[PDB]
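A.B. asks:
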Ligand SMILES: O=C(NO)Nc1ccc(Cl)cc1Cl
Ligand SMILES: O=C(NO)Nc1ccc(Cl)cc1Cl
Ligand SMILES: [Cl-]
Ligand SMILES: [Cl-]
Ligand SMILES: [Mg+2]
Ligand SMILES: [Mg+2]
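Chains as they are written, first to last, in the entry's author numbering: chain A, 5 to 400; chain A', 5 to 400. A prime marks a further copy of an entry chain.
(1) Counting only Cβ pairs nearer than 7 Å, list the residues of chain A close to residue 137 (chain A').
(2) How many Å lie between residue 357 (chain A) and residue 336 (chain A) at the Cα?
(3) Mind checking the region 19-50 of chain A against chain A' and listing, in chain order, the residues whose C-beta falls within less than 7 Å of any C-beta there?
(4) So does residue 379 (chain A) have its beta carbon nearer than 7 Å to some heavy atom of ligand 3?
(5) Would you give the residue range spanned by the beta strand (DSSP E) that residue 227 (chain A') belongs to?
(6) Within 10 angstroms of the Cβ of residue 254 (chain A'), are there 16 or more other Cβ atoms? Answer buried if so, exposed if not.
(7) Using beta-carbon positions only, say whether residue 47 (chain A') and residue 51 (chain A) come within less than 8 Å of one another.
(8) Hey, would you say residue 201 (chain A) sits closer than 8 Å to residue 214 (chain A), going by beta carbons?
(9) Using a cut-off of 8 Å between C-beta atoms, extract the partners of residue 95 (chain A) located in chain A'.
(10) What does the Cβ neighbour count give for residue 209 (chain A'), buried or exposed, with the cut at 16 atoms within 10 Å?
(11) Under 8 Å between the Cβ atoms of residue 327 (chain A') and residue 193 (chain A')?
(12) Between the beta-carbon of residue 315 (chain A') and the beta-carbon of residue 296 (chain A'), is there less than 8 Å?
(13) Residue 61 (chain A') to residue 101 (chain A), Cα distance in whole Å?
(14) Within the structure, which residues are defined as neighbours of ligand 3 by a Cβ-heavy atom distance below 5 Å, reported in chain order?
(15) Which of the residues in the region 179-198 of chain A, read from start to end, lie with their CB under 9 Å from any CB of chain A'?
(16) Beta-carbon of residue 343 (chain A) versus every beta-carbon of chain A': anything under 8 Å?
(17) Of all the residues that make up the region 323-344 of chain A, which are near chain A' by a beta-carbon distance shorter than 7 Å?
(18) Please compile the residues from chain A whose C-beta is within a distance smaller than 9 Å of the C-beta of residue 134 (chain A').
(19) Taking DSSP as the reference, what is the three-state secondary structure of residue 108 (chain A')?
(20) Any idea if residue 329 (chain A) is buried or exposed, counting beta-carbon neighbours within 10 angstroms, 16 or more meaning buried?
(21) Hey, would you say residue 376 (chain A) sits closer than 8 Å to residue 137 (chain A), going by beta carbons?
(22) Measuring CA to CA, which of A:190, A:191, A:145 is closest to residue 173 (chain A)?
(23) Please name the residue, chosen from A:159, A:13, A:92, A:383, that lies closest to residue 389 (chain A') on a Cα-to-Cα basis.
(24) Excluding sequence positions up to five away, which residues of its chain have a Cβ less than 6 Å from the Cβ of residue 85 (chain A')?
(25) How would you write the range of the beta strand (DSSP E) that residue 128 (chain A') sits in, first residue to last?
(26) Can you determine whether any heavy atom of ligand 2 sits closer than 7 Å to the C-beta of residue 350 (chain A'), and answer yes or no?
(27) Is any beta-carbon of chain A' found at less than 8 Å from that of residue 425 (chain A)?
(28) Give a yes or no on whether 8 Å exceeds the smallest Cβ distance from residue 257 (chain A) to chain A'.
(29) To the nearest angstrom, how far is the alpha carbon of residue 241 (chain A) from that of residue 291 (chain A)?
(30) By DSSP's criteria, residue 258 (chain A) is part of a beta bridge. Which residues make up the other side?
(31) Using Cβ-Cβ distances below 9 Å, what residues of the region 288-321 of chain A' are close to chain A?
(32) Enumerated in chain order, which unbroken segments of the beta strand (DSSP E) with a length of 3 residues or greater are wholly contained in the region 6-89 of chain A?
(33) Measuring CA to CA, which of A':373, A':396, A':383 is closest to residue 260 (chain A')?
(34) Residue 362 (chain A) and residue 349 (chain A) - do their beta-carbons sit closer together than 8 Å?
(35) From the DSSP output, read off the bridge partner residues of residue 144 (chain A').
(36) Return the first residue and the last residue of the alpha helix (DSSP H) that residue 163 (chain A) is part of.
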């Protein structure tokens, strides 16, 4: 066909507009080059880029057939001989997630302003969740180089306006992630296992103070581990099982793992805690990988020491490479989720680093930060919508 | 906030509408429940479902602020106190791909009609490719049970109107595919290796007739293999290397594999051809898995026989399970692409079975069929757009 024509239908959605418009076009020389349609709050837009003979493009018959059929039923229709108009839009360069409880218009306006300031175009906005948190997504086209500046703006917006705001590369490659590791304490699991253990010794006070200092980047993680575990010296090893039984998963943890299994993720945990507690849950949760420290035991009693290599800050990164090597997943397809400075190296080595209700030391280095006590908000940052979770869960 | 209000902006896109609308809303009690926006051919729709005090929802101030700001700059705006309106649309149940060269308005209208007949709602239409073939996608919501009837309608439409039309489940699970196997002859590779070999014996005629019969489901694959390879009796084994060098990849084959490596796919080939030819290319293409038959050789000469287990129709399925077992991928996340009846069991065992320029016997059983001599149209059926391929390829 000689030339291109653009036909744009808009108005209040009605049954059968799509079919009707393409019957009409078939009565002319028409081949489709591109078609985009959506209905947002009963507003229909139907954009049809079309290929027909110069004979048909500049004759009133085509226009009149379309104009009569569309207007008859209560819609509007445009018909312009394009020729120089793009055929198919280009993909977004990035996607921006906004989670809040709530998201104020002010918060969202600040995001939109920071975006529009940097020359970043908004290609689509959709809601990804109404529960447990309101989640919104902006697919954007970021001018080359503004990548860095935009993340900073949105980090300022995030904290000023009390929403989480994460900017992810929306490329083919960086999207097909396949491996996720969770920190255990205060990430996959509520609270600190060492504090639960330290309680059985009447040491929960000192132990929680040191844990706070260690997780904030105030103290070396190795020394802090040795000082806190030392408070357990003399407890029967029976206490490991008991503390194990007290563990409460992070809200949405189960939803998070189930959903990630549906997507084919390899899943593991990497903690400075204790393999003898973590392994029960690792099994229950059908996890693929567990790296953890080890309590020393003598005649069935704890000594106050841990064994062998201490999984320290650097050791958490090392474990994620082990995992991603054993799993044949390139580091750029890996996800790490943590809450403490214990985790800075893990997150930084991972393709996507997610700080989860995390001390300032980790937020400052993370790729994205989540502020709400639901681990399944991790899913939203992995391109999953609430409705998709609910639909797949319903099927079962 | 007490009650929900719906604010719908529409009209000709302009810079800064998004930001402006949310500044205005921030001057009231407004929290966002849902936001959807898109621009199709310079037509903007912005749909904002919002949460504000009953004080603010039924007062003219909110309405007047919005109405004045939006209309000033040349757009229209609706404001209706919803309350009972859905917050976030539900996900599509299926997606429908339409590829043609060309796609007539008639072809597309037939699809739209077959869809609308079954009660299937259209949620989005976007173009996924302008090259090498025009590709369109319909995300749809299919009433429970109509799954089967809709695939048949669209198969009738496909052949009557000369477009490929594939209906895929658009669930979380069935989307995260991770393993693809290709048949070699007339799928990944142009032509039939056995015909190239049979030529060196002056037997290409008989050999191509039998291959046609075997690939159409006319003859048992085992007997057809034995009859055709027998025509090679007496050729020097040197001929394997020569035929190897003559091989032309299917157009778009390289693009297909490169793109699938970007998505983290495990990739292999499963052929009734000959490991000594296929292995050179399997290596060149950095493939993960090769199952193939084996030419018998004696004093450096071929005997006319193949060795060991013949990979027959059932043996091609067996190999895909081997591959998907070695790869820890559930069969429902597997993709098989083939052209002949040789392939019926492979395709049927795979999560997605793709017949590629295939004899009628295979199209009849396939999950989807492709009719154009470009193997990268396989990508479009795997949720990849042309623009995404081009963008990632550009990066390098
Ligand atoms: O993961 C943690 N907080 O997020 N804390 C932590 C827990 C148990 C142990 Cl043994 C050591 C530490 Cl540093
Ligand atoms: O894959 C094929 N056609 O699509 N053909 C074929 C090729 C080589 C051999 Cl040895 C046997 C067969 Cl049946
Ligand atoms: Cl332990
Ligand atoms: Cl061989
Ligand atoms: Mg932790
Ligand atoms: Mg073949």
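Note that the Cβ used here is the ideal one computed from N, Cα and C, for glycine as well.
C.D. replies: Result, derived from the coordinates:
(1) Correct list: empty, because the minimum Cβ distance to chain A is about 12 Å.
(2) Taking the straight line joining both Cα atoms gives about 11 Å.
(3) Listed in chain order, the positions of the region 19-50 of chain A with a beta carbon within less than 7 Å of a beta carbon of chain A' are 20, 22, 23, 26, 27, 29, 30, 34, 35, 36, 37, 38, 39, 40, 41, 42, 44, 45, 47, 49.
(4) no
(5) Bounds of any beta strand (DSSP E) do not take in residue 227 (chain A'); it lies within the alpha helix (DSSP H) bounded by 225-234.
(6) buried
(7) yes
(8) no
(9) 389, 391, 392, 395
(10) Within 10 angstroms of the beta-carbon of residue 209 (chain A') lie fewer than 16 other beta-carbons, which makes it exposed.
(11) no
(12) yes
(13) If I take the Cα positions, the gap works out to 27 Å.
(14) A:278, A:279, A:280, A:298, A:299
(15) 179, 180, 181, 182
(16) For residue 343 (chain A), the answer is no, since every Cβ of chain A' falls outside 8 Å of its Cβ.
(17) 337
(18) Against residue 134 (chain A'), the close residues of chain A are 37, 38, 91, 92, in the order they occur along the chain (beta-carbon pairs closer than 9 Å).
(19) strand
(20) exposed
(21) yes
(22) A:145
(23) A:92
(24) 9, 61
(25) 125-133
(26) no
(27) The question about residue 425 (chain A) has no answer here: the residues shown for chain A are numbered 5 through 400.
(28) no
(29) Rounded to the nearest angstrom, the two C-alpha atoms are 25 Å apart.
(30) According to DSSP, which records beta bridges pairwise, residue 258 (chain A) is partnered with nothing at all.
(31) The residues in question: there are none.
(32) 7-16, 35-44, 47-56, 80-84
(33) Closest by alpha carbon: A':383.
(34) no
(35) A':98, A':126
(36) 150-165
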